[PDB]
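Right, one structure below, let's go through it.
Reconstructed Cβ throughout: ideal geometry from the backbone, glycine too, with neighbour counts over all protein chains shown. No value in this document is a laboratory result; all are computed from the given coordinates.
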Amino acid sequence: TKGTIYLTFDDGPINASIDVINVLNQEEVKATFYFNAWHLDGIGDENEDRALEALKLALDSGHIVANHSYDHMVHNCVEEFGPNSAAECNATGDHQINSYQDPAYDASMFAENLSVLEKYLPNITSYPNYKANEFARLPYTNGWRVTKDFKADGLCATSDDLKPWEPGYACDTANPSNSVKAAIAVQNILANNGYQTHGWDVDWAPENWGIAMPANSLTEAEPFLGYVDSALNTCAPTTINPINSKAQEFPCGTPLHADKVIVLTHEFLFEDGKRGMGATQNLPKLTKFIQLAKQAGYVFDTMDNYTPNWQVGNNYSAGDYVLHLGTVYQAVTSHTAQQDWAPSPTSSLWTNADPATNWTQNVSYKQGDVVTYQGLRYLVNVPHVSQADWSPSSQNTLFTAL
Ligand SMILES: [Ca+2]
Ligand SMILES: [Zn+2]
């Protein structure tokens, strides 16, 4: 195959999600939906009376449901959050301004998301494709927490003052905005609580946000496949436009990113309504893009498989990454997986390579790594694989207390 495409849809569930899902099912592909549950509450300022129907359809159809936070951080767009905040933020267009403020409260919106999803769909945890407690994507931000050595931040994603297109706008990646730093803190909180976060390589969006009906200008299937072609193995998160969509320190050539393209788009771009004739004009583009991509040799997959799940009988090379029960592991040696020898906190064949920064058992630590343990920070003096009796302490010379 040519490569793997991960179609990811942000900001549902809304009425428009249903026709998108129907096209996906027509074309026999699965996608990943990064949902904001405030649409279930009817306060997200979209056509969303069928939001619960949409959520159920996504899950019953086998699509992955992942975590985009309860309210898309819109509580940070207004003075006091309420049923009208979505409309208010849409009126000012200030979504990307002061988007992240208090990292604790902002990170709690991912937990809130889980509570509201489970409120509206009480048996949601019985779907294997419900993954919202393990996979997240931050509003506005091409941020990544995938493995211990695969992390990146959107250093111009959000602003303290001006939007990227406004006069006087400047981004200093060496001295980023307070909003950007708060988002980084949110990423780190989520990682320490077991989340992976993923950004995107290409964003399927209007070619012209300036016309009357912007959605109509969504890239045609044929040239959008060209964009995907151009992104395959070219470190797209560092070169993507606009500037607020960049992940400047993305680790180009990192092994898990090879031969893969993550597409970001939004089901609201596939709706006949306030943004244009999205359903009539753009659902056919979605259909033909999927068909063209398959015929060009791509396959479609979902974000639960971006890091491949550990599988009995698979051959692994030293250095390979897998997921096992939500945790990333890296292969210590080349071997063939057997059912009774799975990755674990004590496995000789695997070390934990989660993107967390709390001290963790069975991690291959490097000199200079910083860990947190019992509320204290420590710096690793020498590379080693952590084990239970080598936890940080003031007497453990593997570490220096900071
Ligand atoms: Ca995890
Ligand atoms: Zn979003």
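Flag: residue 185 matches the condition of being more than 30 Å from residue 52 (Cα to Cα), of a type in the set (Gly, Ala, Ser) and assigned to a helix (DSSP H, G or I).
So which residues in segment 176-218 are aromatic (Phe, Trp, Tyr) and touching a residue at least 60 places away in the same chain (Cβ under 8 Å), if there are any at all? Within segment 176-218, 195, 200, 204 qualify.
Quick check: is even one residue across segment 165-175 more than 16 Å from ligand 2 (Cβ to nearest atom), under 22 Å from the mean Cα position of the chain (by Cα) and surrounded by fewer than 23 Cβ atoms within 10 Å (Cβ to Cβ)?
Yes, some residue in segment 165-175 is more than 16 Å from ligand 2 (Cβ to nearest atom), under 22 Å from the mean Cα position of the chain (by Cα) and surrounded by fewer than 23 Cβ atoms within 10 Å (Cβ to Cβ).
A Cβ distance below 7 Å, combined with a sequence gap of six or more or placement on separate chains, defines the contacts here; from segment 20-48, residues that are farther than 18 Å from residue 271 by Cβ reach residues that are among the β-branched types (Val, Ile, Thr) and in a loop (DSSP other than H, G, I, E, B) in the pairs 30/302; 32/302.
Does residue 191 satisfy the criteria of being among the small types (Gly, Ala, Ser), over 28 Å from residue 295 (Cα atoms) and part of a helix (DSSP H, G or I)? Yes, satisfied. At least 1 residues being more than 20 Å from residue 110 (Cβ to Cβ) is the threshold, and among the strands (runs of 3 or more DSSP E) wholly inside segment 1-85 those reaching it are 3-10.
Among all residues of segment 219-233, there is none that is away from ligand 2 (no atom under 16 Å from the Cβ), outside any loop (DSSP other than H, G, I, E, B), closer than 26 Å to residue 77 by Cβ and in contact (Cβ under 8 Å) with a residue 24 or more places away in the chain.
I want to confirm something. Restricting to segment 112-143 and keeping residues that are of a type in the set (A, V, I, L, M, F, W, C) and part of a strand (DSSP E or B), which single residue is farthest from ligand 1 (Cβ to nearest atom)?
My answer is 136.
Residue 282 passes every criterion in (1) outside any helix (DSSP H, G or I); (2) more than 16 Å from ligand 2 (Cβ to nearest atom); (3) closer than 15 Å to residue 220 by Cβ apart from (1).
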